[PDB]
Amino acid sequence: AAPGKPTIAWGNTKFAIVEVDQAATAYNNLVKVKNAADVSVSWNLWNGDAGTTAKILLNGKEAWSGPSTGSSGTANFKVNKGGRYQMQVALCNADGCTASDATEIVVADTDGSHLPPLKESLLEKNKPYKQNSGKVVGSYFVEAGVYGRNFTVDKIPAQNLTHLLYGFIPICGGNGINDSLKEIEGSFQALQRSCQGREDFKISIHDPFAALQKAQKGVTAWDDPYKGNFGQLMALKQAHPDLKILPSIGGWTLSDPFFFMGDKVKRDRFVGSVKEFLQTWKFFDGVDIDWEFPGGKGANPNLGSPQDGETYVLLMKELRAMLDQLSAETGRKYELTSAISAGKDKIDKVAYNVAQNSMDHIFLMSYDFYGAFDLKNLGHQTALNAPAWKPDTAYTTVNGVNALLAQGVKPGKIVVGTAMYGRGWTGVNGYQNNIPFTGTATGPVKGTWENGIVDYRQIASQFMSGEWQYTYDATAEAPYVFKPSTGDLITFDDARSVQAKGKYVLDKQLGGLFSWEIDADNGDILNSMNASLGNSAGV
């Protein structure tokens, strides 16, 4: 007769192909990629013959076999594919096999194959849209927003996006390489911690805790391998296979390292670390480059050279070559994008008409045209067109788009930007014809998290009543609120200005729309982005 039925012994059932040290602070100690997970299973048999051969089955498929020499036993074997498996121990002899009841074992991999879909309900004013317009609908999620801003991956209205970019992957480097970071309390030190023992110019994760260790919805178990933002993004990909999730390298405070890449040795190292990063974190679909300005004029006043333009094009070409190489190894398709200044002065420092051949999308930062960083020359921070009181306005969305088109950039590459925040001044005075923008400010308006900047959510919630004047400039296609008594002036994007941008995109056959940091929207902005571009509603 066949062998008795074995019982699976108590023991850990959670394994990982890519192991993460939930206690590590240094990126070099944080993750280790393996070609497969080392799984172990033990069993006992109290009634019946132990058979002559023991086998481990995963979903009915043999994954191990060996001599069944005793009433109890242990099997060690490898699993090279992530997922949740129904595991069984089978004892066999001439008369047949007898399998134990199934025990679930989890083999984690960074593509999220071991995680159930993260399909959360829409929050606040967000309404469901189908991505059927064929246009890009993107937004940026910030890594550091999970603390005080309390905005986690589960709060992202993911179904309403085609592209989701991640709030800045930094580039390792200390004094003289990331000085711009020193302006943020403890930020430079945090990077040095992440980059402990890591070569300069290789990428890393600025906050390993927030990215992989902090408990979040869906990845809360004390022993889950991947938690934090990355763990949730993996589950998000399971829920939205077609959503493009891209890591964004750079930003205003992390762009300093880019100015040294004219040196191919450093550029090669950077590119090489990006490939390794992508091989390690499978849920990402490519890479976004946010070099805050080839030519300088970014956060660091001591950086910038006429050579940056060429470096940028070379970088994009090499990243593309690296990604093609990656495609040949994994068979997957990867995207290469870049967020760029919308000012003509900076746009002409780069040959985008050339770089565009290596890129999938160009995210035009058509915002920050004006702000508290300038108290004398005020204006619409993210308008589509110039205002009536100053038709010669240089910084507008249209001028940015025209500058690129003039270089020869194909329209379908250009994704227009919308702001989910407003910039503002205080003590505005000396203006004429009741146009606050004609005067000067005495300082920045009180912000939500920093001076001169307010979340759109707060604007709609607090500055749409009381003493606040509201005006929608139909010429520039830009709204603004003004509080006469204190001289508080705020320029931002609203449902209507976003609609104008969307229509503009459709008319000029541009690529789509994207917004800066999803955490600041109450839903009005993203709803309008989708609607204006023609995406259907429904559920």
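Numbers for residues come from their place in the sequence shown, where the first is 1.
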- Message: Using only C-alpha atoms and the B-factors in the entry, which stretch averages higher, 327-335 or 286-294?
- Response: 327-335
- Avg C-alpha B-factor, entry values, 460-468 vs 266-274, higher side is 460-468
- Note on the structure: In this crystal structure's PDB entry, the residue among 145, 116, 231, 173 with the greatest CA B factor is 116
- Item | Member of 378, 245, 211, 156 with the greatest C-alpha B factor (per the PDB record) | 378
- Within this chain, which third does the Cα B-factor at residue 538 fall in: lowest, middle or highest? highest
- Which third of the chain holds residue 509 when residues are ordered by C-alpha B factor: lowest, middle or highest? highest
- Item | Record-listed C-alpha B factor of residue 305: chain third | highest
- residue 473: C-alpha B-factor third of its chain, per the entry, is the highest
- Task: Classify residue 395 as lowest, middle or highest third according to the C-alpha B-factor given in the PDB entry, relative to its own chain.
- Result: highest
